[PDB]
Protein chains: 2
Amino acid sequence: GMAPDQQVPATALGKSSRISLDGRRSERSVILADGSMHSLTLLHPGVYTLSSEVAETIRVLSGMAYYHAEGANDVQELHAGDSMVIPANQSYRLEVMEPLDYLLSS
Amino acid sequence: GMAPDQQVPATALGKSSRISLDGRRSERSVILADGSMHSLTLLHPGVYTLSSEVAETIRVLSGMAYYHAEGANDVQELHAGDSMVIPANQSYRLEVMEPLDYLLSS
Ligand SMILES: [Mg+2]
Ligand SMILES: [Mg+2]
């Protein structure tokens with residue numbers, strides 16, 4: 001059904017989701033083909049004030065958002081295929097324009 | 001990170017989620033280890049009247065809901081591990097007591 005670029009090779013998927021941010025963020029753990037574990041996350045359109053504890057690596061699969069680190073003077077745009085590291089102990093805003101599907105590894 | 005009983009063997013995860021039901025439902029397509037093709041769905045607490053043109057197999061992964069077939073005299077609880085064929089062409093309800101993770105195929 002799905003074209004190769006529309007899917008991510010995997011080994012396993014987690015049964016249980018976790019919902020946060022007033023119902024607007026959900027994720028499940030997954031094991032990718034390389035054996036590594038990520039949180040496969042969906043973030044609905046909206047404006048989110050967040051912070052990290054440990055550093056986060058985010059690989060965006062689909063959607064569009066603006067990332068703004070508290071102390072930065074411009075945003076970073078996130079589109080399909082983008083990646084970026086949220087440093088440890090970072091306050092930031094995500095403004096999601098199109099539902100954001102991403103792998104978060106921490 | 002995940003014990004065996006927390007996960008389901010896979011081959012691929014769809015990149016792009018589909019959101020519906022006023023933000024209450026999200027699906028991505030997945031391919032399981034046996035090559036079969038399902039909608040991996042999260043349905044947030046609520047009560048929803050659903051239907052399909054074709055029979056679909058539901059396999060509940062996590063959470064709790066009551067299923068009520070169109071016109072039926074009582075409901076049926078579907079817990080983690082429960083699978084059934086949902087007939088086509090009938091307006092069933094799912095009352096989601098705890099966020100429901102499920103596969104839906106066929
Ligand atoms: Mg603390
Ligand atoms: Mg079983």
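For the numbers below, each heavy atom of this structure counts, side chains included, while hydrogens, waters and symmetry mates do not. Residue numbering restarts at 1 for every chain, and letters A, B, ... go by the order of the sequence lines.
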Inset, instruction - Give the minimum heavy-atom separation between A:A80 and A:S62, together with the two atoms involved. - result: CB-CA, 4.2 Å

Inset, instruction - Just grab all the ring pair (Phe, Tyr, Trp, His ring centres under 6.0 Å) pairs involving residues 34-83 of chain B, residues at least two apart or on different chains. - result: B:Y67-B:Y92

Legend entry - Verify same cluster id: A:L104, A:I31 (apolar side-chain graph, 4.5 Å): no

Inset, instruction - May I ask you to decide if B:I19's main-chain N or O and B:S26's side chain share a donor-acceptor pair within less than 3.5 Å? - result: no

Legend entry - A:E98 side chain to A:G63 backbone, donor-acceptor under 3.5 Å: no

Legend entry - Partner of A:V8 by side chain to side chain contact (heavy atoms under 4.5 Å, CB included), out of A:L61, A:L40, A:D101, A:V30: A:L61

Legend entry - Non-neighbouring partners of B:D34 that pass side chain to side chain donor-acceptor pair (under 3.5 Å), sequence neighbours left out: B:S36

Inset, instruction - Would you check if the side chain of A:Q90 reaches a backbone N or O of A:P87 as a donor-acceptor pair within less than 3.5 Å? - result: no

Inset, instruction - Examine distances only and state if a side-chain atom of B:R93 and a backbone atom of B:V47 form a donor-acceptor pair shorter than 3.5 Å. - result: no

Legend entry - Least distance between heavy atoms, B:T11 atom then B:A33 atom: OG1-CA, 3.6 Å

Inset, instruction - Show the numbers, then the answer: is there a side chain to side chain contact (heavy atoms under 4.5 Å, CB included) between B:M64 and B:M97? - result: CA-CA 6 Å; B:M64 195 273 157; B:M97 306 301 292; 3.6 Å; yes

Inset, instruction - State, with a plain yes or no, whether a side-chain heavy atom of B:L21 is found less than 4.5 Å away from one of B:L50. - result: yes

Inset, instruction - Could you give me the CA-CA distance, side-chain angles and deciding distance for A:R24 and A:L42, then say whether side chain to side chain contact (heavy atoms under 4.5 Å, CB included) is met? - result: CA-CA 8 Å; A:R24 294 179 295 166; A:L42 176 62; over 6 Å; no

Legend entry - Heavy-atom check, side chain of B:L32 versus side chain of A:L13, under 4.5 Å: yes

Legend entry - Close side-chain approach of B:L94 and B:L43, heavy atoms under 4.5 Å: yes

Inset, instruction - Kindly determine whether B:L78 and B:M84 satisfy side chain to side chain contact (heavy atoms under 4.5 Å, CB included), including the steps that lead there. - result: CA-CA 9 Å; B:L78 295 176; B:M84 67 181 285; 4.1 Å; yes

Legend entry - Worked check of side chain to side chain contact (heavy atoms under 4.5 Å, CB included) between B:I86 and B:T57: CA-CA 6 Å; B:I86 300 177; B:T57 295; over 6 Å; no

Inset, instruction - Considering non-hydrogen atoms only, spot the tightest contact between B:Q7 and A:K15 and give its length. - result: O-CE, 3.9 Å

Inset, instruction - Evaluate the side-chain proximity of A:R25 to A:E27: yes if any heavy-atom separation is below 4.5 Å, no if none is. - result: no

Inset, instruction - Check whether more than 12 heavy atoms from other residues, nucleotides or ligands sit under 6.0 Å from atom CG of B:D22, and answer yes or no. - result: no

Inset, instruction - State, to 0.1 Å, how close B:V54 and B:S52 come at their nearest heavy-atom pair, and which atoms those are. - result: O-OG, 2.8 Å

Legend entry - Side-chain touch B:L103/B:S105, heavy atoms, less than 4.5 angstrom: no

Inset, instruction - Might you confirm whether atom CE of A:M2 has over 12 heavy atoms from other residues, nucleotides or ligands at distances under 6.0 Å? - result: yes

Legend entry - Short side-chain donor-acceptor distance under 3.5 Å, B:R18 and B:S29: yes

Inset, instruction - Quick one: pull up CD in B:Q6 and CZ in A:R28 and give me the separation to the nearest 0.5 Å. - result: 13.0 Å

Legend entry - Side-chain heavy atoms of A:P99 within contact of B:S17, under 4.5 Å: no

